[PDB]
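Chemist: Here the protein sequences line up with chains C, Y, X, L and U, keeping their order.
Residue numbering for the first sequence follows PDB author numbering, starting at 197 and increasing by one per position.
Residue numbering for the second sequence follows PDB author numbering, starting at 1 and increasing by one per position.
Residue numbering for the third sequence follows PDB author numbering, starting at 1 and increasing by one per position.
Residue numbering for the fourth sequence follows PDB author numbering, starting at 50 and increasing by one per position.
Residue numbering for the fifth sequence follows PDB author numbering, starting at 5 and increasing by one per position.
Please see the structure below; I have some questions.
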Amino acid sequence: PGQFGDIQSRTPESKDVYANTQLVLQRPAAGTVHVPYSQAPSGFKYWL
Amino acid sequence: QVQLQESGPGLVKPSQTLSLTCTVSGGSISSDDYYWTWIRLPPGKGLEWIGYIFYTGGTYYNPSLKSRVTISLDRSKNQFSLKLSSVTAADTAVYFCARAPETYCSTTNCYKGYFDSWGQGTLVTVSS
Amino acid sequence: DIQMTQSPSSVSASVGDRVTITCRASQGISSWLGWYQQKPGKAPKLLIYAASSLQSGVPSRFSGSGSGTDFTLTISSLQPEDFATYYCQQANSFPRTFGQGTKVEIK
Amino acid sequence: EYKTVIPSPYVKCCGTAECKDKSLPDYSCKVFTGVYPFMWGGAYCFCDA
Amino acid sequence: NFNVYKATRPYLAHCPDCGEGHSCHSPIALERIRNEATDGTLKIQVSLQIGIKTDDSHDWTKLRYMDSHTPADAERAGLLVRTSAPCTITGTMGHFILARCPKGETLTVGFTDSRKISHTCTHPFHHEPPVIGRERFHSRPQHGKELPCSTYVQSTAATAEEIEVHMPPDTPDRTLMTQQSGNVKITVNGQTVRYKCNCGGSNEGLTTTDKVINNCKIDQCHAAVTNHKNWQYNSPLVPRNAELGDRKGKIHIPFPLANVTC
Numbered sequence: 197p198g199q200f201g202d203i204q205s206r207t208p209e210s211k212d213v214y215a216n217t218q219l220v221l222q223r224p225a226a227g228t229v230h231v232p233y234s235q236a237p238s239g240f241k242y243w244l
Numbered sequence: 001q002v003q004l005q006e007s008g009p010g011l012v013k014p015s016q017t018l019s020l021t022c023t024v025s026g027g028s029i030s031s032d033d034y035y036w037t038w039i040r041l042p043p044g045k046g047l048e049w050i051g052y053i054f055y056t057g058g059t060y061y062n063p064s065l066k067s068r069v070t071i072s073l074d075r076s077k078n079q080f081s082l083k084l085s086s087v088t089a090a091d092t093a094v095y096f097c098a099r100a101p102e103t104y105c106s107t108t109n110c111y112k113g114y115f116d117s118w119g120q121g122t123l124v125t126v127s128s
Numbered sequence: 001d002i003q004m005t006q007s008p009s010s011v012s013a014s015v016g017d018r019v020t021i022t023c024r025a026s027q028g029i030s031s032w033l034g035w036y037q038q039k040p041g042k043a044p045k046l047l048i049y050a051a052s053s054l055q056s057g058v059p060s061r062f063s064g065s066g067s068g069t070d071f072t073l074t075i076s077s078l079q080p081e082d083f084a085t086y087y088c089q090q091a092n093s094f095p096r097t098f099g100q101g102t103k104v105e106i107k
Numbered sequence: 050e051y052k053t054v055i056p057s058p059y060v061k062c063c064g065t066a067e068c069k070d071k072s073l074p075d076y077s078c079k080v081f082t083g084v085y086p087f088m089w090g091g092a093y094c095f096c097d098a
Numbered sequence: 005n006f007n008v009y010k011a012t013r014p015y016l017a018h019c020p021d022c023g024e025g026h027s028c029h030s031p032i033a034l035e036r037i038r039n040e041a042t043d044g045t046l047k048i049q050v051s052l053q054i055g056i057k058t059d060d061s062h063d064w065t066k067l068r069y070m071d072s073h074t075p076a077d078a079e080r081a082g083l084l085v086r087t088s089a090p091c092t093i094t095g096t097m098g099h100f101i102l103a104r105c106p107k108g109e110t111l112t113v114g115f116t117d118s119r120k121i122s123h124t125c126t127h128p129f130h131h132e133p134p135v136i137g138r139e140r141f142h143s144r145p146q147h148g149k150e151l152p153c154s155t156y157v158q159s160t161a162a163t164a165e166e167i168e169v170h171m172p173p174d175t176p177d178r179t180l181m182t183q184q185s186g187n188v189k190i191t192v193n194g195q196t197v198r199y200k201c202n203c204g205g206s207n208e209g210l211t212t213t214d215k216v217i218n219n220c221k222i223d224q225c226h227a228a229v230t231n232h233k234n235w236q237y238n239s240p241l242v243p244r245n246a247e248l249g250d251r252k253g254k255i256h257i258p259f260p261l262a263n264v265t266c
């Protein structure tokens with residue numbers, strides 16, 4: 197979820213993508229319209 | 001007790017402006033619990049309701065004549081007046097000014113929605 | 001708009017008889033109907049309100065009835081001063097209109 | 050790097066909604082109750098529950 | 005080309021900080037901020053449209069924004085962007101802004117209205133450009149060496165990334181109703197309205213002219229405007245009009261990537 201290799205593909209022109217990040221939806225706040233969520237940050241940026 | 005008496009000539013030329021001023025006696029239009037109405041009776045026809053006005057200036061009219069009829073208010077003179085532009089030869093009739101109270105009633109029984117006081121009227125002549 | 005009609009268009013009866021006039025509306029108006037009496041040269045005067053009760057100060061000989069769409073005006077006994085013109089009027093939904101009326105004459 | 054896609058929410062008043070499954074990666078759906086959203090001119094829907 | 009913007013309209017949305025520490029509904033609102041380039045150039049998305057007047061004619065000096073139930077025009081000279089110290093604006097088109105800015109921890113945008121009123125919105129953010137080479141430096145030198153690098157291109161050509169437009173939902177507005185001594189009145193001003201009251205009779209309809217309701221107080225009715233002729237972006241901050249959306253068209257995202265040296 198948070199290291200090198202969270203997103204994988206076989207070639208830059210391919211359509212098949214594998215993903216293993218965490219995604220959980222949470223309750224909206226009172227009086228507001230929005231879609232909050234929680235997710236692990238990208239692993240490629242961390243490696244750089 | 002409130003009584004209604006009018007003023008204004010009942011003789012007008014065609015396509016001109018017909019104006020009827022109904023003055024309040026023993027009362028005032030500053031009251032916020034009453035409407036103010038104008039009604040006509042054509043020869044061979046019953047009473048035709050034209051609409052009503054409110055003391056602040058709120059207005060609503062009959063769909064047929066709304067394109068021409070315009071009501072106003074005169075608090076200092078304690079009067080309410082009607083103005084009907086583009087009069088026709090078919091507009092010769094007898095008019096009456098009347099009043100009615102409005103309030104939040106319940107149980108389907110109330111005095112609301114009925115004309116309680118009436119004027120004397122005029123015989124309008126629309127001719128050249 | 002609510003369309004109203006009255007029957008009969010004319011009334012001819014002697015002194016002491018019972019006179020009944022019916023008012024029919026094209027739309028439901030529940031308990032919103034009244035009765036107005038018009039003298040010659042004068043404006044109509046309301047005598048019946050709430051479609052059943054009579055106006056205060058009016059003699060008790062006048063009464064009303066009917067419900068839903070058909071309403072009947074009932075006078076217990078005709079009198080010389082009752083020969084006038086009578087109308088009905090509804091008070092449920094705007095715009096508010098009037099009936100065609102009926103003329104009462106001595107038989 | 051990756052991107053996340055979020056389409057507009059669906060608000061249904063005086064009723065209950067439901068969702069079906071799909072084959073897209075990392076798909077998720079959920080339903081919440083007891084909402085009373087507002088907009089700039091006043092409340093959205095007439096029902097208060 | 006600007007032909008793709010002919011049938012669209014601006015919109016309103018929520019903003020977390022209005023300048024005094026409270027929330028508000030604002031005609032300018034922030035979407036996602038992209039920082040993929042290695043030279044430290046930012047790409048911003050807003051809710052107003054730049055370069056187009058109300059009659060779909062091109063003009064570089066004008067922008068249009070959404071007022072209450074109607075669009076209007078304003079001047080470009082008032083547009084500003086800052087993240088602590090002020091930024092420098094390099095290019096604009098439609099919903100998008102390209103800028104360069106110093107390091108900081110906040111980001112704010114603002115503009116000047118048609119009646120001499122200012123607006124602003126603020127979001128948290130973390131900005132720190134990456135380092136190229138084996139030394140850290142603050143400005144461009146006169147004598148040096150060249151290394152590979154990446155940037156954004158000032159081009160308005162068609163690209164392969166697209167966003168969609170849908171039909172707007174109904175818009176409530178309380179001020180339409182007025183109270184006058186025992187009855188409630190409705191004013192229209194030339195639009196379609198949809199009303200529903202829970203009093204006696206359960207009156208409901210779809211009117212285009214003024215009406216009056218008898219013995220039906222306020223605090224029991226609802227109103228909205230329902231006849232629309234333009235399309236709108238499906239922001240995650242506005243509710244859907246129907247269970248299945250009706251797609252009408254799409255527009256493209258400009259300013260693609262390229263290789264350069266620094």
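Note that the Cβ used here is the ideal one computed from N, Cα and C, for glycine as well.
Would you say the stretch 179-199 of chain U touches the stretch 90-110 of chain U, given that touching needs at least three Cβ pairs under 8 Å?
Modeler: At 8 Å Cβ cutoff, the stretches do not touch.
Chemist: According to the Cβ coordinates, are residue 239 of chain C and residue 198 of chain C closer than 8 Å?
Modeler: Closer than 8 Å, so yes.
Chemist: Comparing alpha-carbon positions, which option in U:230, U:144, U:40, U:146 lies nearest residue 177 of chain U?
Modeler: Out of U:230, U:144, U:40, U:146, U:230 has the C-alpha closest to the C-alpha of residue 177 of chain U.
Chemist: Using the Cβ count rule (16 or more neighbours within 10 Å means buried), how would you classify residue 118 of chain Y?
Modeler: Buried is the call here.
Chemist: Rounded C-beta distance between residue 45 of chain X and residue 36 of chain X? I'm assuming under 8 Å.
Modeler: Yes, they are in contact, since the Cβ atoms of residue 45 of chain X and residue 36 of chain X sit about 6 Å apart, within 8 Å.
Chemist: Do we get a CB-CB distance below 8 Å when we pair residue 237 of chain C with the residues of chain L?
Modeler: It does not; no Cβ of chain L falls within 8 Å.
Chemist: Closer than 8 Å by beta-carbon distance: list the chain X residues that pair up with residue 116 of chain Y, in chain order.
Modeler: Those are 46, listed as they occur along chain X.
Chemist: Quick check: is the beta carbon of residue 188 of chain U nearer than 8 Å to any beta carbon in chain X?
Modeler: With 8 Å as the cut-off, residue 188 of chain U does not count as an interface residue toward chain X.
Chemist: What are the residues of the stretch 81-109 of chain Y that lie near chain U, defined by any Cβ-Cβ distance shorter than 7 Å?
Modeler: Listed by position, the residues of the stretch 81-109 of chain Y near chain U (Cβ gap below 7 Å) are 102, 103, 104, 105.
Chemist: So residue 241 of chain C is in the alpha helix (DSSP H); what residue range does that whole segment cover?
Modeler: Segment 239-243, the alpha helix (DSSP H) holding residue 241 of chain C.
Chemist: Reducing DSSP to helix, strand and coil, say where residue 287 of chain U ends up.
Modeler: Outside the shown range of chain U, which is 5 to 266, sits residue 287 of chain U, and nothing can be said about it.
Chemist: DSSP three-state call for residue 128 of chain U: helix, strand or coil?
Modeler: Residue 128 of chain U: strand per DSSP, three-state reduction.
Chemist: Comparing the C-beta of residue 215 of chain C with each C-beta of chain L, is any distance below 8 Å?
Modeler: Yes, residue 215 of chain C lies at the interface with chain L (some Cβ there is under 8 Å from its Cβ).
Chemist: Does the distance from the C-beta atom of residue 103 of chain U to that of residue 256 of chain U stay below 8 Å?
Modeler: No, they are not a contact pair.
Chemist: Consult DSSP for residue 9 of chain U and reduce its assignment to one of helix, strand or coil.
Modeler: Of the three classes helix, strand and coil, the one that applies to residue 9 of chain U here is helix, per DSSP.
Chemist: Residues of chain L with CB closer than 7 Å to the CB of residue 175 of chain U, please, in chain order.
Modeler: The contacting residues are 90.
Chemist: Tell me, please, whether the stretch 12-26 of chain U touches the stretch 59-75 of chain U by the rule of three or more beta-carbon pairs shorter than 8 Å.
Modeler: Yes, they touch.
Chemist: So, does the CB of residue 70 of chain L fall closer than 8 Å to a CB anywhere in chain C?
Modeler: Chain C, which has no Cβ nearer than 8 Å to the Cβ of residue 70 of chain L, makes this no.
Chemist: For the candidate residues Y:112, Y:57, Y:75, Y:50, whose alpha-carbon lies nearest to that of residue 68 of chain Y?
Modeler: Out of Y:112, Y:57, Y:75, Y:50, Y:50 has the C-alpha closest to the C-alpha of residue 68 of chain Y.
Chemist: So within the stretch 42-86 of chain U, which uninterrupted beta strand (DSSP E) runs reach at least 3 residues, ignoring any that extend past its ends?
Modeler: If we require 3 residues or more, the beta strand (DSSP E) runs fully inside the stretch 42-86 of chain U come out as 46-56, 62-71, 74-79.
Chemist: Where does residue 176 of chain U sit, in a helix, a strand or coil, going by DSSP?
Modeler: Of the three classes helix, strand and coil, the one that applies to residue 176 of chain U here is strand, per DSSP.
Chemist: Under 8 Å by Cβ, that's how I've got residue 90 of chain X and residue 47 of chain X pegged, so tell me the actual separation to the nearest angstrom.
Modeler: Not quite, the Cβ-Cβ distance comes to about 16 Å (not below 8 Å), so this is no contact.
Chemist: Nearest chain X C-beta to residue 234 of chain U closer than 8 Å, yes or no?
Modeler: Chain X contact via Cβ: absent.
Chemist: Which chain X residues sit within Cβ distance under 7 Å of residue 216 of chain U?
Modeler: Those within 7 Å of residue 216 of chain U in chain X are 94.
Chemist: May I have the straight-line CA-CA distance separating residue 21 of chain U from residue 95 of chain L, to the nearest angstrom?
Modeler: About 29 Å.
Chemist: Where residue 188 of chain X and residue 13 of chain X are concerned, what is the direct C-alpha to C-alpha distance, given to the nearest angstrom?
Modeler: Since the first residue of chain X shown is 1 and the last is 107, residue 188 of chain X is not available in this structure.
Chemist: CB-CB under 7 Å to residue 222 of chain C, same chain, minus the five flanking residues each way: which ones, in chain order?
Modeler: These residues qualify, in order along the chain: 232, 233, 234.
Chemist: Take every Cβ of the stretch 238-245 of chain U, pair it with every Cβ of the stretch 148-158 of chain U, and state whether three or more of those distances are shorter than 8 Å.
Modeler: Cβ pair count under 8 Å is below three, so no.
Chemist: Start and end of the beta strand (DSSP E) containing residue 44 of chain Y?
Modeler: Element bounds for residue 44 of chain Y: n/a, residue is neither H nor E.
Chemist: Could you name the residues of chain X that residue 113 of chain Y contacts, counting a contact when the two beta carbons are closer than 7 Å?
Modeler: Those within 7 Å of residue 113 of chain Y in chain X are 32, 91, 96.
Chemist: List in chain order: all unbroken beta strand (DSSP E) runs of 3+ residues lying wholly within the stretch 69-101 of chain Y.
Modeler: Within the stretch 69-101 of chain Y, the complete beta strand (DSSP E) runs of at least 3 residues are 69-71, 79-84, 94-101.
Chemist: Can you give the Cα-Cα distance for residue 36 of chain Y and residue 88 of chain Y, rounded to whole angstroms?
Modeler: Those two C-alpha atoms are separated by around 25 Å.
Chemist: Rounded to whole angstroms, what is the Cα-Cα separation between residue 32 of chain Y and residue 126 of chain Y?
Modeler: Going from the Cα of residue 32 of chain Y to the Cα of residue 126 of chain Y covers about 35 Å.
Chemist: On a Cα-Cα basis, can you pick out the residue from U:7, U:6, U:47 that is closest to residue 156 of chain U?
Modeler: For residue 156 of chain U, the nearest C-alpha among the options comes from U:47.
Chemist: Between Y:122, Y:100, Y:120, Y:92, which lies nearest to residue 112 of chain Y when the distance is taken from Cα to Cα?
Modeler: Nearest of Y:122, Y:100, Y:120, Y:92 to residue 112 of chain Y, Cα basis: Y:100.
Chemist: In chain Y, which residues lie less than 8 Å from residue 49 of chain X when you measure between Cβ atoms?
Modeler: Residues of chain Y passing the Cβ test: 111, 114.
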